[PDB]
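Coordinate inspection notes
The lines below spell out each chain.
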Amino acid sequence: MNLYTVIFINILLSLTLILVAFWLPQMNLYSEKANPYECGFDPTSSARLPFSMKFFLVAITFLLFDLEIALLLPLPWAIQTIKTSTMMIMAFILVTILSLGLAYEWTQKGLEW
Amino acid sequence: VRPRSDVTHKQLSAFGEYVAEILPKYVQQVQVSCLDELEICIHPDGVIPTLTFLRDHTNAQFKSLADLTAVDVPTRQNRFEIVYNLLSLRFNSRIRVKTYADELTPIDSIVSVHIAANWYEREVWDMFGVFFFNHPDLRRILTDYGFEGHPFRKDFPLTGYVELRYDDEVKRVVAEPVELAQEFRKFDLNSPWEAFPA
Amino acid sequence: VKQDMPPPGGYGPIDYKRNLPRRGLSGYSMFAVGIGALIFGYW
Amino acid sequence: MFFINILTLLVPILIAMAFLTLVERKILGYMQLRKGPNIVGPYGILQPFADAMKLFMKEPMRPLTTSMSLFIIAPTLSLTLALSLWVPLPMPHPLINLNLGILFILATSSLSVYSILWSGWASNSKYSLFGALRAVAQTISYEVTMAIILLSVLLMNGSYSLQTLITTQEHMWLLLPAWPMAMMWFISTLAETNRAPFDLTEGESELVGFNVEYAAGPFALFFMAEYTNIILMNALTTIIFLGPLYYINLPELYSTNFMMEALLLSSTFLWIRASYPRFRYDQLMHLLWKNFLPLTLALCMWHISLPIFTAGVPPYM
Amino acid sequence: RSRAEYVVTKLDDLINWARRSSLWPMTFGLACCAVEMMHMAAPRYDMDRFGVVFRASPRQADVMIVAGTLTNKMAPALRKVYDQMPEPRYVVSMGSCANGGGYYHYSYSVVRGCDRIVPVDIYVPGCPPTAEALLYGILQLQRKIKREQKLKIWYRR
Amino acid sequence: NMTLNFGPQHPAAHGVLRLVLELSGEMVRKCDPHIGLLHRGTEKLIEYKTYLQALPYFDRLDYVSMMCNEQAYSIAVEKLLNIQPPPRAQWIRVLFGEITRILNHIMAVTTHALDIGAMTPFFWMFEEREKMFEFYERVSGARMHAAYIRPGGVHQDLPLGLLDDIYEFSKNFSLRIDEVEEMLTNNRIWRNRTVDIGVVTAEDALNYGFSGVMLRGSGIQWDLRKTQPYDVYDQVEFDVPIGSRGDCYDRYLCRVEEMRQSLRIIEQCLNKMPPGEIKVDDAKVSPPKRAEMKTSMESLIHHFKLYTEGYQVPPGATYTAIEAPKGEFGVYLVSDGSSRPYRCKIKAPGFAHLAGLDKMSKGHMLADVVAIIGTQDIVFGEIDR
Amino acid sequence: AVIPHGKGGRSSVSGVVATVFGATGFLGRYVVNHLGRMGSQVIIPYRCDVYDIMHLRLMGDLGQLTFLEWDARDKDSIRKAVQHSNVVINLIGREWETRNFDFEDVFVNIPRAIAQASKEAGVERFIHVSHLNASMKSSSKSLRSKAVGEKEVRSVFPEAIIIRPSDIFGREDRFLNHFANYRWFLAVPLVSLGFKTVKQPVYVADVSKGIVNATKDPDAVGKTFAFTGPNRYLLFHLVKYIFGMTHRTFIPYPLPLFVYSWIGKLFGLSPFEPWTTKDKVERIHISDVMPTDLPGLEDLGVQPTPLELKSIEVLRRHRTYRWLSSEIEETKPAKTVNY
Amino acid sequence: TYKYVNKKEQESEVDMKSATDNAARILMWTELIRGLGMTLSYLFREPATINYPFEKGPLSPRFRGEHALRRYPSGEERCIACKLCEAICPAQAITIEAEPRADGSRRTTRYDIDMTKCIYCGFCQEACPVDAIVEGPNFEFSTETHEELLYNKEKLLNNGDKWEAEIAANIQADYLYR
Ligand SMILES: NC(=O)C1=CN([C@@H]2O[C@H](COP(=O)(O)OP(=O)(O)OC[C@H]3O[C@@H](n4cnc5c(N)ncnc54)[C@H](OP(=O)(O)O)[C@@H]3O)[C@@H](O)[C@H]2O)C=CC1
Ligand code: SF4
Ligand code: SF4
């Protein structure tokens, strides 16, 4: 609840700002004032058309590395595990196998944008 | 009075003869100014051949194109006088090869010989209207996208025929025939007295 | 007579060459500092 | 009383946000041989309030081609998450003490990447997509090392609660140990706030960026958000790695030193901005995936090993 | 004092002060006059001191300092950028090339003034209008912005 | 592919460039720069203006190197008149010519950084630039656009305090280059942004007519100041800073060296400037002195005719090239016997350089193009003319 | 007088010095445009701050447009404005009775004082503009009051032309934008389900050109022209057509006017510019009168321009990205009603 | 004489010491820290800016600034309408038409400098035989309306009367040079 109280004030403060921002100011709007904007000449394209991302393989990896992190996140509680040996043996294997994933990402054109 | 060394007027003169001899099929006149500058003059057909010999000859390497321009002598049947100024970093000398082109008799393009000319040739078409065959992409460079007329021609009015203003009714910039609020005062400046025999 | 001219004997000399100073701690010594922090910090 | 406290955390922070802008426009100035803004008000103190009023009054422009929600949600989200992340910071005592506090800060930061994505799609203007897609990528990439760097920290703190570090750092800053990551936390803090060395999100020379089609108020809110973040992330550096001295008898010397260290590290990213040219888009990702991620993942393992064989496993709780 | 008139005079004085103190000019410089302002942005005559901070995105700009000749090929653009600037907006024409055609007045490719293309608020004269001279012109815009009384006109309208 | 104007109003173009790109995502496949946004008709207007009243136009073609530009017209017109400037004037033109190359290079190096994102170098040097304009203003009355270098000689003698003040500026300027030297020459971030970007091979540079720091950066050894010594560049000693490889870094490093070498040339000019007259003594070419025109009839007639009608240079044509800070700036002035020129083709170091952008920016990102334009030092006044 | 010299475009002279008191208006903007294009001397009395009249500066040439500070209540301001004008054009009008100005003032009271002074001055001709179908008994106070004026001004200024335009069609107009802006409203009320209120729009320019031509023609004296349009329309097609070009759903639902006059009363309370007006509402459902009268357009020299032709430009801003590229051809036309 | 910039004279073979020094340069961003030191240094330098209204950037006597028409001490305007100021103006700015005044003297009925057309070359200052048209020191004459910038004889003569004291001092300082 205490958090709920804080957060709703947080949204309220932001919604308050945006609202004022739209109603207080006066507005007059010929087109060409609202038209899309590309440096002063007509766009010359849809501005939403297919845009290539040279980072094809980097992107896929991030997601995989994120997940590993996930698996790396429980560690703080797992440190206190009585086993210890297995903990580290496990954690070291996870970090090493993902890093090798990275390694192959580098070796392959991935991560080379 | 400027200092003049005749070493150059002799060196350049000789080269002129050398070029002429090597390219007699096109060289019409080859002169050296009193300012120690050579100016081989070639038939328009010799554009490709004369340049290439100068770009690739051991005794005359003229690697870079300083400029391509076209004076317009309206009196001259062939209106334009395409002038190509070249530099030889090897022999530290410049030469100018100038040809003649009329409005509708195009000249060859030298983009092959020097790619520097890709832009200047577009500049000559836009301003003077000479056309260059075999040009990769000839299209107006300096003038407005819809400009009608070639501006540096001596027969084109300075102020031109169209000017632009924003019209509210149509909410867009709009050409209108030029209306000037103080016409260019055309001072006559030539004096009725000559200076020397020249 | 009086025109703006170089002072008699000429002006002094002006430096034009780069005077960037190669001032820094030697690399080995540098490593030790950070390493020492970690070594101690861990203890 | 709780509200009083809510007000005490948000209002001051927001005011601090404002004056950071002024301070950014004077410290950059003196570094560049210029006074900076001193003519409006005394010594420029009224300068931040002045453009705030100019920004809100100028007409908010809704591009002909623009969503009207993914356009107004984006700033609101940016200010809401940034001001929200100050809720758990343990300046001395935190306000809302959360047992999994650092996961709250990491998660809330992650959500801000959307605002960039939503604003870019909303604007549907080139110079915007080209700014949002690259931007989301930068922010996300600098999240993967950002998170791993924290996991290394936590394992030496014992818990996710930011309050524990005040007890972990009662004898020495976590910079001495783990300095190699501080640097890597600092550079990642520079990327995630799209500040200079990594300001490609919105490069000006490159795509003038995500904010081109945004004006007036819509513009200010992110704006405010960025600067508040600029502080928050610096403040997290000043709790996690530079641990201010804590005395249980007088709590404010903790906040006094928190004040001093936060201002200096906030001053540092101002100083970084003026001092360095901006990195290339791929040069930026080349750093994180090639230069930093292998360093972080390996040093992550060293921080699971340092505890065990040095019999130093941290006390939970 | 107590009068709905006094409250409406004081509050615009507030609104005018905010616009006056923070004028964000647009990063739009043509020809050379742009240099004579890059000198205003520079340390001898800082402009930021006065509030102004260059911001490229027309969308986030208050003043358009047209510097240099407005050719007939850049005209169609200037109008676009002026049209896309946020409403409260002002134009300062710098240079005899822009306020009037200057050298190049009679050219076929030069618009004889930006006043033909965009309404102009202050005209700063001089071939390279000096940088103080631009700073005087920007300060004259601030005097014009102080005098404006938009709220008063709405009240007695 | 996608097309972005990357055009006018950008903070990367000078304000007047339309660079239609064919970006495939971030990589840039093709560029088709659309210049013409600042074509003023400079060369059709000159035909209608007398030789002195066209000088001013030459200060506005490259607006960051005013006097070196007006030293190319002054040398041309002087050639066509077979007249030479007096000895003091030639040193003054070399003194002002190197102050302009320091002024252009401070412009080119600092604005390039402004584009890349380094803000501070611009502010530190721009204060050093107003120190320099002051020298223009104190000698001509205009901070920039002086009109000081006249077709025959220069217009007025240096005030009596200028050479001391130029020494004090030159004495302390090198530390100022040293300071941006430290802040933007080894930053891994600069090197990465500049090194191995826009490499141009030696023969390709000559073929594309680059003729400038772009020519020297790839190792070709060509300076019109030593090869074809114009004015007094035969009596001053300097080292051309030839770069080795051609990346935008080697070209930056060359521009920083030329600023240093120009301080060496400025030093020599202050140390060895001759006592004498600043304009040739032929009243037919250079106007008569104020006292003389007000006391001698031959001088009033010569003042009246020169200002109203003109020099009437003898019929001929010349291409005179001087090493302007950007590169070879040349005027092909064709002259009928009339007092007003017939044609004046301004060769702009820049029309050739911008053509090279498509070839130089090959296999490069949107961001690299911002560096590619920056390293050509292109001012659209010279290109558009 | 001023002999007309020039080729016809800006920087030329036509010899019409004309005070135009309400130039800042939608119609006005256009009136100054042609007058400025022609080269006429235009004096624009203004009350709004200079910022708002900047849009008029680029129109007209240097020293051709002069702006004077003027207050309707203060008789002296009108006096000096017409001091040196020979043509006075009155476009003073509003839809919302403002706190300090009543329909009488904006239509009858003020426009009288103005022409009154104009005579004292000796202006050759005065053009007064009043809304079309304006009976002294018409329902809308506005229309009736306007009628009251056209009478009075004739006694202050005899043989004063009185053009009487229909609701105007143009970018920045209300007739077309108002309906298109009903989008915000989920449902678009239409009295009698938008029937029996046939309406004939007229392009703004046509009106402007017409007005200007009046200034430069001896044939118009005491004439009460009526610029009408090129085609009439039942309000139904108009509304839908608009929504058609705007590409926004059309949901015609009838609303009893008695209740709707009340809705107008509601918005009418807006402290700031009122969206709609009780007096508006009536006007909107006030049927366009038939065309038997001193003809306007064509008669004065301009051929009317069909609505569909330029509608695309007026309604474009209201479309969404999805339809922005869409063109007139794709859309359908509305149907006229000679009735 | 040439000079190689960025040319490595030789291949220094890596020595551990060298390698460490380098590796440290990459790992601990040593050169980046060097750059920060430079900016911190200036932060401590005195800023070079001037209060613009209160202090003014220095302009010496030849500054061209704003046009003015001078008058003789007696009060007779200097211009005698020779009209070569019109002839040498590069921009066509000055328009002069003249007629013999009643006194019988030569004077200009209309002298109009279009300042928007003028590019402040300063040749008119040069050309005038009586030196009636001078480049006055003032540079601050920015105007709200375009028409104000066009200047007739009365504005320039008035400009001349206002700034005559400084114009006389400026011409006094620079005439020996001319
Ligand atoms: N659809 C239409 O537009 C039609 C219009 N008409 C008539 O044509 C005329 C012009 O219409 P339109 O341009 O749309 O009207 P607007 O609402 O655009 O206003 C016209 C002008 O009148 C001025 N004005 C209004 N009230 C006052 C006042 N109390 N004191 C001084 N000035 C005032 C306004 O100046 P400011 O804004 O500065 O106060 C404005 O510039 C009107 O009078 C109207 O009766 C007739 C038929 C249809
Ligand atoms: S005005 Fe003078 S300076 Fe400004 S652009 Fe035109 S010419 Fe260059
Ligand atoms: S030159 Fe001097 S005197 Fe002769 S007209 Fe021009 S101003 Fe008058």
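Residues numbered from 1 in each chain as written, not as in the entry; some residues may be left out. Chains lettered and ligands numbered in written order. Part of a larger assembly, values for the part shown. Heavy atoms only, no water.

cryo-EM is the method the PDB entry lists for this structure, together with a resolution of 3.5 Å.

A few words on the overall build of chain G. When you go through chain G residue by residue, the secondary structure sums to eleven helices and ten strands. Projected onto its principal axes, the C-alpha coordinates of chain G cover approximately 55 × 40 × 40 Å. The 339 residues of chain G split such that 55% are buried. When contacts within chain G are restricted to residue pairs at least 6 apart in sequence, those whose partners lie at least 24 apart make up 77%. With an accessible surface of roughly 14700 Å², chain G has 58% of that area assigned to carbon and sulfur atoms. Distance between charge centroids for chain G: 4 Å, based on 44 positive and 35 negative side chains. (Helix = DSSP H or I, 4+ residues; strand = E, 2+ residues; numbered from the N terminus. Buried < 20%, exposed > 50% of the residue type's maximum accessible area, 1.4 Å probe, protein only. Contact = heavy atoms within 4.5 Å. Areas by Shrake-Rupley, 256 points an atom, 1.4 Å probe, with all protein chains shown as cover. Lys, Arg positive; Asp, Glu negative; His and termini not counted. Charge placed at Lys NZ, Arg CZ, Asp CG, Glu CD.)

Taken together, E:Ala31, E:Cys32, E:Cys33, E:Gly68, E:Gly95, E:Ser96, E:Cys97, E:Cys127, E:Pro128, F:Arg60 and F:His145 make up the full set of residues adjacent to ligand 2. One chain alone does not account for the residues near ligand 2; they come from chains E and F. Residue composition of the shell around ligand 2, grouped by class: six nonpolar, four polar and one charged. (Near = heavy atom within 4 Å. Nonpolar A, V, L, I, M, F, W, Y, C, P; charged D, E, K, R; others polar.)

Bringing the pairing of strand β3 (residues 106-114) of chain H into the picture now. Moving residue by residue along a regular strand, the side chains alternate between the two faces of the sheet. All names here are of chain H. Two elements, strand β2 (residues 94-100) and β3, share seven bridges in a ladder whose sense is antiparallel. When the bridges of β3 are listed, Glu99 appears paired with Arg107. Here β2 folds back onto β3 in antiparallel fashion, the turn holding five residues, of which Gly104 has a positive phi close to 105°. The sheet contact formed by β3 and strand β5 (residues 150-151) spans two bridges and is antiparallel. In the strand pairing of β5, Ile113 is matched with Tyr151. (Pairing = 2+ DSSP bridges.)

A separate point is the packing of helix α8 (residues 216-240) of chain D against helix α9 (residues 252-275) of chain D. Two packed helices can be described by the angle between their axes and the distance between those axes. Residue and element names in this part refer to chain D. Remark: α8 packs on α9, axes separated minimally by 8 Å, with the N-to-C direction vectors making an angle of 125°. One way to sum up the angle between α8 and α9 is to call them oblique. The handedness of the crossing between α8 and α9 is right-handed. Of the residues in α9, those in contact with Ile230, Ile231, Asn234, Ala235, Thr237, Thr238 and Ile239 of α8 are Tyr254, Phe258, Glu261, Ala262, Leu265, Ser266 and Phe269. For the contact of α8 with α9, the residue count by class is nine nonpolar, four polar and one charged. (Axes fitted to C-alpha atoms, helices over the stretch in contact; angles between N-to-C directions. Parallel < 35°, antiparallel > 145°, perpendicular 65-115°, else oblique. Left-handed = near helix turned anticlockwise from the far one by under 90°.)

Ligand 3 sits among H:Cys79, H:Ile80, H:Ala81, H:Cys82, H:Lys83, H:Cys85, H:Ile96, H:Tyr111, H:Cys128, H:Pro129, H:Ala132 and H:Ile133. Here the residues of the shell around ligand 3 sort into eleven nonpolar, no polar and one charged.

The next point concerns unusual backbone geometry. Note: most peptide bonds trans; most residues except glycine with negative phi. Residues and elements named next belong to chain D. Although it is not a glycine, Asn124 sits at a positive phi angle of roughly 40°. Judged by its relative accessible area of 7%, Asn124 is buried. Unlike most non-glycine residues, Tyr127 shows phi in positive territory, near 85°. In this structure, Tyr127 sits in the loop between α4 (101-123) and α5 (129-155). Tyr127 sits in the buried class, given a relative accessible area of 1%.

Here we come to α8(D). Its 25 residues give α8(D) an end-to-end C-alpha distance of 36 Å, which sits within 8% of 36 Å, the value for a rise of 1.5 Å per residue. Of all 25 residues in α8(D), 23 are buried, a share of seventy percent or more. (Expected span 1.5 Å × (residues − 1).)

Here we take up the interface of chain A and chain D. Taken together, the contact pairs 59 residues of chain A with 67 residues of chain D. Remark: the boundary between chain A and chain D carries two salt bridges. Where chain A packs against chain D, one counts ten residue pairs in polar contact. Breaking the side of chain A that touches chain D down by element, the ones donating at least two residues are α1 (2-23), α2 (56-72), α3 (75-79) and α4 (85-107) of chain A. Counting residues per element, the side of chain A that touches chain D draws most heavily on α1(A), which supplies 15 residues. When grouped by side-chain class, the residues that make up the side of chain A that touches chain D number 42 nonpolar, 13 polar and four charged. (Salt bridge = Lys/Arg side-chain N within 4 Å of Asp/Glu carboxyl O. Polar contact = N/O pair within 3.5 Å; in protein donor to acceptor, adjacent residues only side chain to side chain.)

Pairing is antiparallel in the open sheet, where three strands are placed in the order β1-β2-β6 (chain F). Both outer strands of the open sheet, β1 (18-24) and β6 (364-365) of chain F, are each paired with one neighbouring strand and no more.

Helix α2 (residues 30-43) of chain H packs onto helix α1 (residues 2-31) of chain D with a crossing angle of 95° between their chain directions and a minimal axis gap of 6 Å. Of the possible angle classes, the one that applies to α1(D) and α2(H) is roughly perpendicular. Residues D:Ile27, D:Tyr30 and D:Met31 of α1(D) form the contact with α2(H), whose participating residues are H:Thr39, H:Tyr42 and H:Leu43.

Residue and element names in this part refer to chain G. Secondary-structure assignment places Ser138 in the loop between β5 (125-129) and α4 (141-156). The class for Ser138 is buried, based on a relative accessible area of 11%. Leaving out residues up to four positions away in the same chain, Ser138 has contacts with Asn133, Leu143 and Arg144.

Another aspect to go through is the environment of D:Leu95. For D:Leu95, the location among the structural elements is in the loop between α3 (73-84) and α4. Each C-alpha atom of the pair D:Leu95 and D:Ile6 lies 8.1 Å from the other, and the pair is 89 residues apart in sequence. With residues up to four places along the chain from it excluded, the contact list for D:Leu95 reads A:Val6, D:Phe2, D:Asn5 and D:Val87.

Here we take up the environment of G:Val32. All names here are of chain G. Along the polypeptide, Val32 turns up in helix α1 (residues 26-38). Through-space distance from the C-alpha of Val32 to that of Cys48 is 17 Å; in sequence the pair is 16 residues apart. Excluding its chain neighbours within four sequence positions, the residues that come into contact with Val32 are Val20, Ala23, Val42, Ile44, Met59 and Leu65.

Counted under the stated rule, the structure contains 102 salt bridges over all chains. A salt bridge links B:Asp137 to B:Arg122; the shortest N-O distance between them is 3.9 Å. A residue pair is termed long-range when its members are at least 10 positions apart, and B:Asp137 in the loop between β7 (132-133) and β8 (162-167) and B:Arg122 in helix α3 (residues 117-128) qualify at 15 residues. Under the relative-accessibility criterion, B:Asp137 is labelled partly exposed at 21%. With a closest N to O distance of 3.6 Å, F:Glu182 and H:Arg34 form a salt bridge.

Here the focus is the interface of chain G and chain E. Across the boundary between the two partners, chain G contributes 16 residues, which contact 17 residues of chain E. Of the roughly 1500 Å² buried between chain G and chain E on both sides combined, carbon and sulfur atoms contribute 50%. Across the contact surface, chain G and chain E share two salt bridges. The closest approach of N and O atoms between E:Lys150 and G:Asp52, which form a salt bridge, is 3.1 Å. The tally of links from chain G across to chain E stands at seven residue pairs in polar contact. Partitioning the side of chain G that touches chain E into residue classes produces eight nonpolar, three polar and five charged. (Buried area = accessible area lost by both parts, 1.4 Å probe.)

With that settled, the discussion passes to the packing of aromatic side chains. Tallied over the full model, the rule gives 73 aromatic pairs over all chains. Between the aromatic rings of B:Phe184 and E:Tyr106, the centroid separation amounts to 5.6 Å while the plane-to-plane angle is 85°, which identifies the pairing as edge-to-face. Linking B:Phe184 in the segment after β9 (172-177) with E:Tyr106 in the loop between β2 (90-94) and β3 (122-124), this pair reaches from one chain into another. Directly above the ring of E:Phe50 sits E:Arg49, whose terminal nitrogen or CZ lies 4.3 Å from the centroid. Looking at H:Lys56, its charged tip hangs above the ring of H:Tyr52, at a distance of 5.7 Å from the centre. (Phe/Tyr/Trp six-rings, centres within 6.5 Å; stacked < 30°, edge-to-face > 60°. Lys NZ or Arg CZ within 6 Å of the ring centre and 35° of its normal.)

A few words on the sheet that holds strand β3 (residues 316-323) of chain F. Sheet strands associate in pairs through backbone hydrogen bonding, adopting either a parallel or an antiparallel arrangement. Residue and element names in this part refer to chain F. With antiparallel pairing, three strands are arranged side by side in an open sheet as β3-β4-β5. Only two strands of the sheet have a single partner each, and these edge strands are β3 and β5 (343-347). Neighbour to neighbour, the strand axes of the sheet diverge by 10° on average, direction disregarded. Pairing between strand β4 (residues 328-335) and β5: five bridges, direction antiparallel. Bridging from a neighbouring strand, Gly330 pairs with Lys347 of β5.

All names here are of chain D. Where nonpolar side chains cluster on the molecular surface, the patch consists of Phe3, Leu7, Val11, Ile15, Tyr43, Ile45, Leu46 and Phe49 and spans about 750 Å² of accessible area. Considering every element that reaches the nonpolar patch, the biggest residue donor is α1, with four residues. Residue position: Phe3 is located in helix α1. (Patch = residues over 30% accessible without salt bridge, like charges linked within 9 Å, V, L, I, M, F, W, Y side chains within 5 Å.)

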